[PDB]
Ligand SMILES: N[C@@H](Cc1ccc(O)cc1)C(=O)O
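Listed next as structure tokens is one chain, alone, in the form deposited without the named molecule.
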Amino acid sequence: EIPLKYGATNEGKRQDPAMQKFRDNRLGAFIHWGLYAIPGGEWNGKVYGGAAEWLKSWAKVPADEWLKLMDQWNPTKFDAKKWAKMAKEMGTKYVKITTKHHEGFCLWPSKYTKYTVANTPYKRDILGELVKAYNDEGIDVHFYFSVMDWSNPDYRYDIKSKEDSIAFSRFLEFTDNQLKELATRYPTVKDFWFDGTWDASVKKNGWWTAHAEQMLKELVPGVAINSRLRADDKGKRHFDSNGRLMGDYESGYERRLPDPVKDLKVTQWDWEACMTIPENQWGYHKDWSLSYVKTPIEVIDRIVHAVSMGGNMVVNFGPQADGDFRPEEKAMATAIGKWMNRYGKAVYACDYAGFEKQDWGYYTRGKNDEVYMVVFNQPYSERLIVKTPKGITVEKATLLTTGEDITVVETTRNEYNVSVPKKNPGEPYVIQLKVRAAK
């Protein structure tokens, strides 16, 4: 047991109403919108295949020249009400918004820098408009914040001198000022999701990460804070040097979700996966033919997978410079919304069921102990294997959409064959189980 001043604060999962709401939401959208949407992955005639929001880095553009894109920031088609309607129709219960990305351009009129929406042709407080519009649709708003900031020369990647330590301290004050500004301007914020926190400078200032968490929690009652923010006394990130999760939930799994057999440890804490539609484009990229683009069923699979293991899932959008969404993203949102409207009782406010994974798909557990089978891979056997934990029996199976009764056959102790429906549903579908636990 290593003594730590700046390690974990929560003992197990938070169970206050704000955390329960964060968890029960389950399905979110991400918005990555900033100056990078203007070039859209192209600089000086070269299209770069790397993530579009990192174009400043790929094309080696100096800060002064990158930030002159503010002169072209004029999203004529932007309408916060339309963005919120799109999220509602998709079935998303919360939206995470890039307040400021690594480029340092702020989507709110910060009083602490000139690189903000106020100093563009458009002028308006985009962040504020979105907060209002989403909240008006009953959608929670979370703030993405990049600590790393390419626009501020006080940022340091590492601390190799007293001068660096002084400059970086000033940088951390500036960061605190922006954070407090966001928390006091937009008090309905429910979460702060940090990125750009991997550098040695931040790792050497674990105290600051703990302070930022505490500062925001005093300003915004019940706010959630992601693990990615946090480094302990030894520089260890996400989980402290004693293996304990820092912040309120684990933020990770952008590349690959937790394995449903080998990574059951994640059911012990709150967690959230965030996902791109292409392989690795968060901001707007003009050419989606450069990498694999996920289909709606592939995204739906990921969403259910997350919930089945006790986690949230957030689907990313990278709006066009004009303030509208590309057609592929409108199609995705509509497709997800259709399926969610039919089958969402197996997603919203659901959790890990504690059953052994089977090949046909995933289990999820509802708040009244409903066990939902979400079937993605239809067996030629016409039988869905259900192995129950000790003391649990399956009493009935019902097709969620129609209420039709589904045959259940016991094959051996604690194992059943659940029949597939009489008519193939032709899409991923749900069977709801009634289970009983012995005394």
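Numbering starts at 1 and runs along the sequence shown. Definition used throughout: the rigid core is the maximal C-alpha set that superposes within 1.5 Å between two forms. Shifts are known only where both forms have a C-alpha.
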| property | result |
| --- | --- |
| Given 77 to 85 and 356 to 364, the range whose Cα B-factors average higher in the PDB entry | 77 to 85 |
| Residue range whose averaged C-alpha B-factor is higher in the record, 93 to 101 or 108 to 116 | 108 to 116 |
| Deposited CA B-factor, highest of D233, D259, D248, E298 | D233 |
| Most elevated Cα B-factor in the entry, residues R413, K396, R26, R383 | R413 |
| Chain-wide C-alpha B factor ranking for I159, given as lowest, middle or highest third | highest |
| Chain third (lowest, middle, highest) by recorded CA B-factor, residue given as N44 | highest |
| CA B-factor placement of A37, once the chain's modelled residues are sorted into thirds | middle |
| Entry-reported Cα temperature factor of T388, expressed as the chain third it lands in | middle |
| Lowest, middle or highest third - CA B-factor, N135 | middle |
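Not pictured, yet referred to below: the form deposited with the named molecule bound.
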{"item": "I2: touches the named molecule in the deposited bound form, heavy atom cutoff 4.5 angstroms", "value": "no"}
{"item": "The named molecule contact in the deposited bound form: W208, any heavy atom under 4.5 Å", "value": "no"}
{"item": "Exercise: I392 in contact with the named molecule in the deposited bound form, heavy atom 4.5 Å", "value": "yes"}
{"item": "Close approach of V371 to the named molecule in the deposited bound form, 4.5 Å, heavy atom", "value": "yes"}
{"item": "Which of 305 to 313, 260 to 268, 292 to 300, 362 to 370 lines the interface with the named molecule in the deposited bound form (heavy atom within 4.5 Å)", "value": "362 to 370"}
{"item": "The single option of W339, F317, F78, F355 touching the named molecule in the deposited bound form, heavy atom within 4.5 Å", "value": "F355"}
{"item": "Consecutive stretches, 3 or more residues long, displaced between this form and the one not shown (C-alpha shift of at least 2 Å once the core is aligned)", "value": "1 to 3"}
